[PDB]
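Heads up, the thing below is written out as structure tokens.
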Number of protein chains: 4
Amino acid sequence: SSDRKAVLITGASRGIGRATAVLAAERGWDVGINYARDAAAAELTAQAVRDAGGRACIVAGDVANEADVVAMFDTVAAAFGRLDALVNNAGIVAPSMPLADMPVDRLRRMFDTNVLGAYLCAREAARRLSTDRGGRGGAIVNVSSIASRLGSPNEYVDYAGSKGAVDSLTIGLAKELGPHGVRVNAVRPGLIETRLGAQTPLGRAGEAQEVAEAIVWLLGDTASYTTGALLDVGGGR
Amino acid sequence: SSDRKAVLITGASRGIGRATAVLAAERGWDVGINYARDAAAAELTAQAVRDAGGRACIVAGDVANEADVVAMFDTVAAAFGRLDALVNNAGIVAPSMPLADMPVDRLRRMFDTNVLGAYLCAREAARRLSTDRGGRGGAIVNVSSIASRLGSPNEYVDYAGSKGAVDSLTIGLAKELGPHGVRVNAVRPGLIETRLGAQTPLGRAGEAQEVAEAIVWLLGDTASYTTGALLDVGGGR
Amino acid sequence: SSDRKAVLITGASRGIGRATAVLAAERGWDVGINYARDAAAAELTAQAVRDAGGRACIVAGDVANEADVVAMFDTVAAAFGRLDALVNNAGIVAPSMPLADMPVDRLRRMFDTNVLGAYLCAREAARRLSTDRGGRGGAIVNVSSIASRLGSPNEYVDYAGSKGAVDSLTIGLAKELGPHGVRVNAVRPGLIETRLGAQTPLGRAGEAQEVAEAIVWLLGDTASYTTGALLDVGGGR
Amino acid sequence: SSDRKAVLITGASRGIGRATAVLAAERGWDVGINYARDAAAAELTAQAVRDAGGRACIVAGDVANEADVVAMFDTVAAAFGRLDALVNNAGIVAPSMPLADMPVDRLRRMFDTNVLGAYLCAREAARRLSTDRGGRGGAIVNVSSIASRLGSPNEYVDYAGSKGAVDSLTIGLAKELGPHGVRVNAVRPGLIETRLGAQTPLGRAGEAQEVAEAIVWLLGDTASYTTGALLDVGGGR
């Protein structure tokens with residue numbers, strides 16, 4: 001017996017993912033903490049979840065790999081006996097450069113992680129949360145970026161495109177899953193601390209917590225008529 | 001002495017405005033309740049604010065009239081000894097028709113209320129909340145509509161344009177006021193109860209409360225890196 | 001007898017309006033040249049239309065004034081015996097400043113010209129071009145601005161809002177008038193010559209002619225499935 | 001010796017690609033016609049190019065395969081002795097269904113073709129057209145879809161995302177390549193003939209030619225200040 005809802009967060013070992021995990025716990029959720037390689041960081045996130053009063057379940061996996069994604073969801077469901085939500089947050093680290101200089105391996109990693117991975121995880125949430133497929137309803141939040149509308153020229157135009165895909169996914173899947181009890185929204189963070197931040201209207205980089213607040217709001221019941229939204233959290237940029 | 005912040009809400013006698021007033025009170029705010037003509041409804045909103053634990057100040061005025069707007073803000077400041085926020089919500093009621101059939105008096109009322117009025121109130125908030133003009137910082141939320149992106153053809157294409165102006169105001173003023181301690185966001189409600197609602201992905205019209213939740217979130221401190229956002233609350237449409 | 005189509009252009013005495021008039025003439029149109037005060041400049045535009053092979057009809061009027069707008073359209077129809085199109089281009093000149101400093105008279109002029117005026121002219125085109133109201137079909141192009149998405153903070157946030165209204169008008173009216181043989185699109189020019197221009201990706205301000213090209217394309221038959229579009233002409237900004 | 005510019009069009013064997021090839025030829029271009037499998041259809045497009053007065057070069061290749069993309073560009077350059085433009089148009093055919101039912105192989109094909117392929121081809125155009133990398137400048141047009149903003153729920157939400165990526169690519173790459181003499185734009189076609197078309201404001205599906213007109217305009221010199229644009233060609237939807 002537990003009246004806490006369960007959220008699976010991808011890329012939850014650091015940054016926005018970690019803050020979201022901890023905040024969701026403070027707000028009454030149990031949390032599946034997915035990570036790719038940094039298991040020690042994931043365990044620190046889990047301890048922070050537990051300290052905040054939540055159950056935590058750590059789960060390794062490549063979001064681009066179908067078998068890993070099915071196992072991730074299966075694992076969280078095993079642990080908590082339920083699944084109520086997904087936060088799509090996994091990303092990659094890549095160097096700043098123009099498209100012309102980017103090698104194909106980097107492009108593939110960017111799209112496989114940010115596009116295919118977000119689709120596979122959203123697909124699994126669709127299968128498991130939709131009321132027409134046996135689920136109890138729920139919410140998905142996709143983490144996008146202001147890069148989707150700004151383009152990250154000379155830096156990460158591939159990342160920019162990947163988040164454009166996430167924005168479009170959000171709009172379409174919200175429509176698709178609305179009749180089946182599942183809301184789908186996105187946050188579009190700007191510059192978030194881990195000197196451009198200083199050039200934004202609020203005059204600073206954002207804190208991961210500040211993005212987490214937006215995520216956890218969109219996951220909760222007070223957001224009940226909010227689906228298909230794209231919520232910029234970028235300091236006015 | 002009061003640690004409650006003060007928000008002036010325009011068109012607060014009914015609907016989204018009323019729900020926002022009541023919810024803001026439940027969440028620790030005192031509320032200036034502006035109305036155009038329906039004083040009895042405004043007084044009912046005030047009683048609901050007071051019942052929720054807030055101070056309420058009722059204030060009549062045409063948002064399109066500069067003298068009324070200055071008096072509205074002056075009045076709330078008198079009552080509470082402070083101003084922390086504005087919700088731009090005042091609107092008009094107009095019949096459904098194509099642009100070709102709309103009389104000029106209706107067009108003028110639509111734009112004077114939804115465009116000029118929103119600008120005059122935002123201007124006053126800018127004068128009074130900005131840290132560079134003696135204020136303590138704060139937040140503005142503009143109530144827009146999904147009509148800004150859908151166009152309300154054969155119904156209210158003038159209303160649609162007015163909310164397009166509000167979306168653009170939001171973006172620009174967020175940038176303009178960010179360095180001066182003031183966040184500016186908008187909610188874009190869809191169909192909100194006072195049979196199209198049934199054709200939205202969530203399969204129903206929204207409740208005013210559901211929009212109020214989004215407004216009050218954007219007004220509060222957990223939205224601290226969120227400015228310039230346009231937050232759809234339209235059930236997936 | 002004339003196989004040339006007729007376009008009424010508002011604010012056609014200078015800049016984008018003038019270039020559009022001249023280019024439309026080069027491309028086979030006759031042109032109504034509306035102006036507010038600068039009759040000498042309008043006459044120079046007319047001579048350029050005539051030199052390019054078109055008939056020209058000069059017509060004074062405030063687009064914000066219903067009687068002037070009805071007379072403008074009546075006049076062009078008298079001159080050419082037909083009306084096929086409208087370019088909504090009239091604007092105002094205003095100084096750069098934050099909203100907080102703008103006087104109410106400036107705000108009113110901005111909105112009356114850019115919002116009410118665009119609606120009254122679009123309304124008249126709707127009445128006269130729509131096939132269900134006796135017209136032969138046609139096209140409307142609204143001149144908006146990239147300011148609608150950028151916000152012109154600390155400069156012209158009122159102008160920004162006005163063009164946000166124009167973008168929304170475009171979307172809605174396109175839907176509304178599609179079944180009645182009338183396409184409606186907008187161009188969103190960036191910095192256009194009459195040192196920010198130097199900071200755009202193409203590294204310069206645009207020429208009025210360059211915007212005129214986009215306008216005249218959207219007016220012509222090769223744009224036959226293009227309606228509701230918002231066409232940025234801003235050098236990548 | 002030839003004063004005709006050269007454009008490489010991906011997926012040029014049928015539909016929008018074919019119409020663009022033929023129209024570009026009518027308007028003074030030589031054309032590289034890329035195809036994946038349907039060589040007979042590509043040859044028919046080539047004959048239509050030649051009949052219109054252009055040189056044609058047919059070139060097989062998977063846009064998702066780096067070696068094929070480099071060979072495609074190398075081949076066109078060999079044939080014509082120059083490269084001036086790219087139209088990114090290659091796509092896949094997939095059945096209509098909700099995301100939950102889509103198999104992973106279909107998702108991969110969609111993204112590899114519409115996202116990775118568009119990036120690899122755009123990357124090659126960046127390498128070859130940019131003035132800072134030895135090229136003579138030029139233009140890229142990406143073929144997107146109104147699906148990027150509508151989401152294609154219950155049909156092709158993966159395709160929708162892929163075109164969201166293309167829209168973001170367009171914005172970013174326009175900024176990135178503006179200083180190096182290359183414009184980058186997108187067309188977003190709606191329903192285009194190869195009963196939803198009947199429900200659009202213009203009351204019909206569009207013709208491939210109608211999209212080709214928009215593409216060829218964006219490729220030409222009269223579009224000289226137009227870059228980063230997203231040009232809807234969807235009948236008002």
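Every chain in the structure tokens has a letter given in the order shown (A, B, ...), and although residue numbers restart at 1 in each chain, ligands are simply numbered from 1 in the order shown.
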
Handout entry: DSSP strand (DSSP E) residues within segment 33-143 of chain D, listed as a count of residues only
Key = 18

Exercise for the section: Write down, as a ChimeraX atom specification, each residue of chain D that has any atom within 9 Å of an atom of chain C, counting only C-alpha atoms. Expected result: /D:171-172,174-184,200-203,205-207,209-211,213-214,217,222-237

Spatial neighbours of segment 17-19 of chain A, 7 Å, only C-alpha atoms, chain gap at least 2 places, as an mmCIF file with N, CA and C atoms, in the first residue's frame:
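Output file part_29.cif is given in full below:
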```cif
data_model
loop_
_atom_site.group_PDB
_atom_site.id
_atom_site.type_symbol
_atom_site.label_atom_id
_atom_site.label_comp_id
_atom_site.auth_asym_id
_atom_site.auth_seq_id
_atom_site.Cartn_x
_atom_site.Cartn_y
_atom_site.Cartn_z
ATOM 1 N N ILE A 9 12.056 9.047 -14.590
ATOM 2 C CA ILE A 9 12.810 10.140 -15.164
ATOM 3 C C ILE A 9 14.063 9.634 -15.883
ATOM 4 N N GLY A 11 17.760 10.170 -17.701
ATOM 5 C CA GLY A 11 18.915 11.095 -17.463
ATOM 6 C C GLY A 11 18.815 11.800 -16.111
ATOM 7 N N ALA A 12 18.490 11.035 -15.079
ATOM 8 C CA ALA A 12 18.173 11.597 -13.762
ATOM 9 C C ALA A 12 19.361 11.625 -12.797
ATOM 10 N N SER A 13 20.559 11.368 -13.304
ATOM 11 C CA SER A 13 21.702 11.273 -12.423
ATOM 12 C C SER A 13 22.263 12.654 -12.052
ATOM 13 N N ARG A 14 22.013 13.657 -12.892
ATOM 14 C CA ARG A 14 22.607 14.996 -12.720
ATOM 15 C C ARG A 14 21.611 16.057 -13.206
ATOM 16 N N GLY A 15 21.894 17.295 -12.832
ATOM 17 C CA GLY A 15 21.277 18.467 -13.433
ATOM 18 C C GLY A 15 19.773 18.535 -13.275
ATOM 19 N N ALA A 21 13.897 14.785 -9.866
ATOM 20 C CA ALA A 21 13.701 13.596 -9.029
ATOM 21 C C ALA A 21 13.496 14.031 -7.567
ATOM 22 N N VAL A 22 14.415 14.866 -7.084
ATOM 23 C CA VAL A 22 14.367 15.284 -5.674
ATOM 24 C C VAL A 22 13.109 16.077 -5.387
ATOM 25 N N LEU A 23 12.781 17.028 -6.256
ATOM 26 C CA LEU A 23 11.592 17.808 -6.061
ATOM 27 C C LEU A 23 10.313 16.970 -6.146
ATOM 28 N N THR A 45 21.445 10.617 -6.350
ATOM 29 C CA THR A 45 20.075 11.098 -6.569
ATOM 30 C C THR A 45 19.061 10.238 -5.802
ATOM 31 N N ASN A 89 14.202 13.238 -20.334
ATOM 32 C CA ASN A 89 15.265 14.194 -20.077
ATOM 33 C C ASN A 89 16.637 13.783 -20.545
ATOM 34 N N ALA A 208 18.842 24.425 -11.932
ATOM 35 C CA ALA A 208 18.144 23.211 -12.301
ATOM 36 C C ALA A 208 16.820 23.107 -11.566
ATOM 37 N N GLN A 209 16.804 23.490 -10.303
ATOM 38 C CA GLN A 209 15.602 23.512 -9.493
ATOM 39 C C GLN A 209 14.462 24.303 -10.126
ATOM 40 N N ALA A 212 12.942 22.184 -12.654
ATOM 41 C CA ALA A 212 12.255 21.117 -11.942
ATOM 42 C C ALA A 212 10.880 21.553 -11.456
#
```

Practice task
Determine, counting only C-alpha atoms, which protein, DNA and RNA residues have an atom within 10 Å of an atom of residue 77 of chain B; residues of the same chain fewer than 3 positions away are not included. Present the result as number ranges by chain.
Solution key: B: 6-8, 32, 57, 71-74, 80-84, 128

Handout entry: Residue nearest residue 125 of chain C - candidates C:58, C:100, C:216, C:85, atoms counted: only C-alpha atoms
Key =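 Answer, going by the shortest atom-to-atom distance: C:85.
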
Problem - Test item: residues at most 9 Å from residue 127 of chain A, only C-alpha atoms, excluding those fewer than 6 positions along its chain, as a ChimeraX atom specification - result: /A:133-135 /D:99-101

Keeping C-alpha atoms for every residue in the selection just given, could you write it to a file as a PDB file, in the first residue's frame?
```
ATOM      1  CA  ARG A 133      -4.324  -0.042 -22.923  1.00  0.00           C
ATOM      2  CA  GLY A 134      -5.031  -0.938 -19.231  1.00  0.00           C
ATOM      3  CA  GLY A 135      -3.219   2.001 -17.535  1.00  0.00           C
TER       4      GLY A 135
ATOM      5  CA  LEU D  99       2.695   6.058 -31.566  1.00  0.00           C
ATOM      6  CA  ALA D 100       1.912   3.162 -29.213  1.00  0.00           C
ATOM      7  CA  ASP D 101       1.500   0.806 -32.229  1.00  0.00           C
TER       8      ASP D 101
END
```

Exercise for the section: Determine the nearest neighbour of residue 116 of chain D from the options A:154, A:129, A:2, A:162, counting only C-alpha atoms. Expected result: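 Answer, going by the shortest atom-to-atom distance: A:162.
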
Exercise for the section: Would you kindly return, as a ChimeraX atom specification, each protein, DNA or RNA residue with an atom no farther than 9 Å from any atom of residue 164 of chain A, considering only C-alpha atoms and excluding same-chain residues fewer than 3 positions away? Expected result: /A:144-145,147-149,159-161,167-169 /D:148,161-169

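Note that atom CA of residue 66 of chain C and atom CA of residue 117 of chain C are 8.5 Å apart.
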